[PDB]
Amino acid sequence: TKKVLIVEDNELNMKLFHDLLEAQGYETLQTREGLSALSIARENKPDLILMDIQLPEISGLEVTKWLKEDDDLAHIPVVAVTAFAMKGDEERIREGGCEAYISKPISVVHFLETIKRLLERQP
């Protein structure tokens, strides 16, 4: 089954993301920290990574940079979850290597539409 790795420190947000993805038939891999996310990405090879940019210990953008600088993980689409989504933030996130972004408060339909598009489109 296709798997989504969720990197989120907030319990409530992690639960919302898990429930929404599970409902679409996807399996999930979960972690609260950036470094751990890299470990899971290499070992479990997720099909998509949902990364909260505002983690307590590190910027999600720095974790994304590590992901894109590793040719074993670079192909995995990264969807950013952020509290700041002004035009300027949108551009910084794109430059950072994120394939898409979800702003807070989360629009569930946009979230699902985005993840389904990236997970199911044929290469």
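The first residue of the shown sequence is 1; numbering continues from there.
Compared against other deposited entries of this protein, residue 56 counts as consistently modelled, with coordinates in all of those that resolve the residues around it and thus below the third mark. Residue-level annotation: residue 83 lacks coordinates in a third or more of the other entries compared, counting only those that model residues on either side of it.
Relative to one another, 13-21 and 102-110 have unequal mean CA B-factors, and 102-110 is the one with the higher figure. Judged by mean Cα B factor in the deposited record, 79-87 ranks above the other of 79-87 and 60-68. Per the PDB entry, 43 shows the highest C-alpha temperature factor of the residues 33, 47, 52, 43. Sort the chain's modelled residues by C-alpha temperature factor and residue 73 lands in the highest third, per the entry.
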